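The chain below stands alone and is given as structure tokens, in the form deposited in one PDB entry.
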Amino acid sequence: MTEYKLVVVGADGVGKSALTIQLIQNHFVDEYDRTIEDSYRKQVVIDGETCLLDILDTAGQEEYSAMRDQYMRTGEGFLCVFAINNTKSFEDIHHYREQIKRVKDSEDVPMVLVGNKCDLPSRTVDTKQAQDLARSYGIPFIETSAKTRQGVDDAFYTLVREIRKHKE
């Protein structure tokens, strides 16, 4: 049974926890403590392959965790999430990409740029901005809404496909 070890990163409030729970539990969580970091596991079928997902929902807290360390070290792909109504969160993305490059000592890490909250009308980052940024990195860009499930499987599955390419 293939396992994929994914990590969800991004600024506070972008929806990292909502997207992870929406994937795992198929419901949209209104409020979830911003300082809570946890791992989730679900067996799924991606493209006809049954596999295990093992997902760390980061909170970027400073107290030490040894789980945090192993997933950064052993994690195989990363979701870099910003919100489309949050210009500062899109500006924060570079910091997170550079941190992942450092942990993997590599410019080629499986990674997907996710622009969350696409159910909102007050959009300050347009698709081209985000598409230009993902092309710069050579990684996919996927629009998500944790609230209605739009793109949620696509974001997590596309990353797994990025992991598959790397493993070849």
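Residues carry their position along the shown sequence, with the first being 1.
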Among the chain's modelled residues, which third holds the C-alpha B-factor of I55? middle
Using the B-factor values recorded in the entry, state whether the Cα atom of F141 falls in the lowest, middle or highest third among the modelled residues of its chain. lowest
Split into thirds by Cα B-factor across the chain's modelled residues, where does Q150 land: lowest, middle or highest? middle
B-factor third for the C-alpha atom of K117 within its chain: lowest
Would the CA B-factor of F82 place it in the lowest, middle or highest third of its chain? lowest
